[PDB]
Amino acid sequence: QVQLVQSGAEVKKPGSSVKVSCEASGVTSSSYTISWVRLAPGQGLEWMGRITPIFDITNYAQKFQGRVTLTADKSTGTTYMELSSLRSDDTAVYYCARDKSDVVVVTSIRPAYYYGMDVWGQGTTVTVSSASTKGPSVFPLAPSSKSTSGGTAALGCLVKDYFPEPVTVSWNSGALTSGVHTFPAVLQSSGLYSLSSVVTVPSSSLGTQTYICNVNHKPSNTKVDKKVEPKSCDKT
Amino acid sequence: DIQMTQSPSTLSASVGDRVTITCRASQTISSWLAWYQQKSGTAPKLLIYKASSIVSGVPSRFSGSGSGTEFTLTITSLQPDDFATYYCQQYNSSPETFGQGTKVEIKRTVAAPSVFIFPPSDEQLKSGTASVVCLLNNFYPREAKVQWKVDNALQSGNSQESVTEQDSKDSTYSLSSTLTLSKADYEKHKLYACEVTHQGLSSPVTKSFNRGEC
């Protein structure tokens, strides 16, 4: 029942350093090895490096070398990954993993005794933007003639210009969940995020039922509920 | 240095089906290959090592094969929870290199989207900026072209979009395209359209509104 517990998510200005932790417990050796792998948006999975704490032996990837630094604290079964000259494309999710070997890894993986990276951390999300923290302006997507289809109306919320992710949206304090779609945020050229949350209801309910989006941006630090009400549009 | 290319980059399939992902290594790696499954909010899962050796806890339906530079991962009978991305990893030489991942999506019927358009809010308009949201609801395949026109005059470069993940109940997608102008340029025209083409569309569906009636 070996498990790896990484540190919380992290938002860093470009150029800054980030150091995420990882706490093994419980491996069956002091001579375990820990790899670090990042999930990077658009380029896939990606091996960075590797540390065997007992001997403090480290092997980094060429593409990183200059910026990565693996370290350990043998007393507390924790390793640390420090990426340094942070560019905007280091924005990614950072995993630590066990290298399962029958033999202590002291340089390369010795392939005949390898069993894969068999246990991973939860991940740590690291966002790299010049941007500064900010809550969103929530605007209504009003139901109307132009948001209708054969008995059905669509309405919603525009969660606009925040940083960093994440924001959450429920509808009518979570009472209304069937038919809801909340789209992946999107990164504007301003460096600020913007999503839309949307519902389909039957049109005849716009008059009797009241609809509200609940927007929680936990970073900074808005809680806002907007009442979405029907708007008038050209019949033709 | 070794580069791993898998195929296909993506593939749609059904529960029950026989799925096989392929892996080519840029130089021989003997049998030193592992397969990883990854879903959304979760870390990769190890499935296979030494090309064919199955992990303690991985279902019998998963099988690996290959040696040298051609390898194969095979789900025999697909399954509700096998919809994910699969990565192969080479652990011959260092560095460890992964494949680019193969996303395996569900296969449902063709479904035409239902289109909606949304005029700027009264209160966004107080701010100098005006956003127009076109919504494409519940469709398949994931491919859709969204085109803004003002008035009948094609925009380009003001319109970010976003797609929902393949819905859990009906396996359809949803899209949210978003035109963004200034309360000045807006405000210069009357006719905001939003034309949509899909595979399940006879003819390009358009939703449009007259400004200042909305």
# chains A, B, ... in the order shown; residues from 1 in each chain; ligands from 1
>>> residues_around(residues="residue 189 in chain B", least_positions_apart="5", cutoff="9 Å", atoms="only C-alpha atoms", output="mmCIF file with N, CA, C and O atoms, in the first residue's frame")
data_model
loop_
_atom_site.group_PDB
_atom_site.id
_atom_site.type_symbol
_atom_site.label_atom_id
_atom_site.label_comp_id
_atom_site.auth_asym_id
_atom_site.auth_seq_id
_atom_site.Cartn_x
_atom_site.Cartn_y
_atom_site.Cartn_z
ATOM 1 N N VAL B 150 -21.032 39.840 -39.338
ATOM 2 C CA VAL B 150 -21.514 41.169 -38.907
ATOM 3 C C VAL B 150 -21.281 42.308 -39.918
ATOM 4 O O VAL B 150 -20.151 42.785 -39.993
ATOM 5 N N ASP B 151 -22.259 42.776 -40.699
ATOM 6 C CA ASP B 151 -23.526 42.135 -41.001
ATOM 7 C C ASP B 151 -23.261 41.344 -42.275
ATOM 8 O O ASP B 151 -22.757 41.903 -43.253
ATOM 9 N N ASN B 210 -31.039 41.310 -34.378
ATOM 10 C CA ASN B 210 -30.837 42.732 -34.663
ATOM 11 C C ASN B 210 -30.493 43.449 -33.373
ATOM 12 O O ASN B 210 -31.204 43.323 -32.377
ATOM 13 N N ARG B 211 -29.385 44.179 -33.393
ATOM 14 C CA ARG B 211 -28.941 44.941 -32.235
ATOM 15 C C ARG B 211 -29.950 46.038 -31.888
ATOM 16 O O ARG B 211 -30.540 46.673 -32.778
#
>>> residues_around(residues="residue 195 in chain A", least_positions_apart="3", cutoff="7 Å", atoms="only C-alpha atoms", output="PyMOL selection string")
chain A and resi 158-160+183-186
>>> closest_atom_pairs(of="chain B", to="chain A", cutoff="8 Å", atoms="only C-alpha atoms", output="Markdown table")
| residue | atom | partner | partner_atom | distance |
| --- | --- | --- | --- | --- |
| B:32 | CA | A:111 | CA | 6.3 |
| B:34 | CA | A:116 | CA | 6.5 |
| B:42 | CA | A:122 | CA | 6.6 |
| B:43 | CA | A:122 | CA | 5.9 |
| B:44 | CA | A:120 | CA | 7.2 |
| B:45 | CA | A:118 | CA | 7.1 |
| B:46 | CA | A:118 | CA | 5.4 |
| B:48 | CA | A:116 | CA | 7.9 |
| B:49 | CA | A:115 | CA | 6.0 |
| B:50 | CA | A:115 | CA | 7.6 |
| B:87 | CA | A:45 | CA | 7.8 |
| B:91 | CA | A:111 | CA | 6.6 |
| B:92 | CA | A:111 | CA | 6.2 |
| B:93 | CA | A:108 | CA | 7.1 |
| B:94 | CA | A:108 | CA | 6.1 |
| B:95 | CA | A:61 | CA | 6.1 |
| B:96 | CA | A:47 | CA | 6.0 |
| B:97 | CA | A:47 | CA | 6.6 |
| B:98 | CA | A:45 | CA | 6.0 |
| B:99 | CA | A:45 | CA | 7.5 |
| B:100 | CA | A:44 | CA | 5.4 |
| B:101 | CA | A:44 | CA | 6.7 |
| B:114 | CA | A:149 | CA | 7.4 |
| B:115 | CA | A:147 | CA | 7.8 |
| B:116 | CA | A:147 | CA | 4.6 |
| B:117 | CA | A:147 | CA | 5.7 |
| B:118 | CA | A:141 | CA | 6.0 |
| B:119 | CA | A:141 | CA | 7.5 |
| B:120 | CA | A:141 | CA | 7.8 |
| B:121 | CA | A:140 | CA | 6.1 |
| B:123 | CA | A:139 | CA | 7.2 |
| B:124 | CA | A:139 | CA | 6.5 |
| B:133 | CA | A:141 | CA | 8.0 |
| B:160 | CA | A:186 | CA | 7.6 |
| B:161 | CA | A:186 | CA | 7.6 |
| B:162 | CA | A:184 | CA | 6.2 |
| B:163 | CA | A:183 | CA | 6.3 |
| B:164 | CA | A:183 | CA | 5.3 |
| B:174 | CA | A:181 | CA | 7.6 |
| B:175 | CA | A:183 | CA | 7.5 |
| B:176 | CA | A:183 | CA | 7.0 |
| B:207 | CA | A:146 | CA | 7.0 |
| B:208 | CA | A:146 | CA | 7.4 |
| B:209 | CA | A:146 | CA | 7.1 |
| B:210 | CA | A:234 | CA | 7.0 |
| B:213 | CA | A:233 | CA | 5.5 |
| B:214 | CA | A:233 | CA | 4.7 |
>>> atom_distance(atom1="CA of residue 212 in chain A", atom2="CA of residue 212 in chain B")
25.0 Å
>>> select_by_dssp(residues="chain A", states="helix (DSSP H, G or I)", output="list in words")
residues 74, 75, 76, 88, 89, 90, 111, 112, 113, 145, 146, 147, 203, 204 and 205 of chain A
>>> select_by_dssp(residues="range 38-73 of chain B", states="strand (DSSP E or B)", output="list in words")
residues 38, 45, 46, 47, 48, 49, 53, 54, 62, 63, 64, 65, 66, 67, 70, 71, 72 and 73 of chain B
>>> atom_distance(atom1="CA of residue 6 in chain A", atom2="CA of residue 40 in chain A")
17.2 Å
>>> closest_residue(among="A:170, A:104, A:205, A:98", to="residue 151 in chain A", atoms="only C-alpha atoms")
A:205
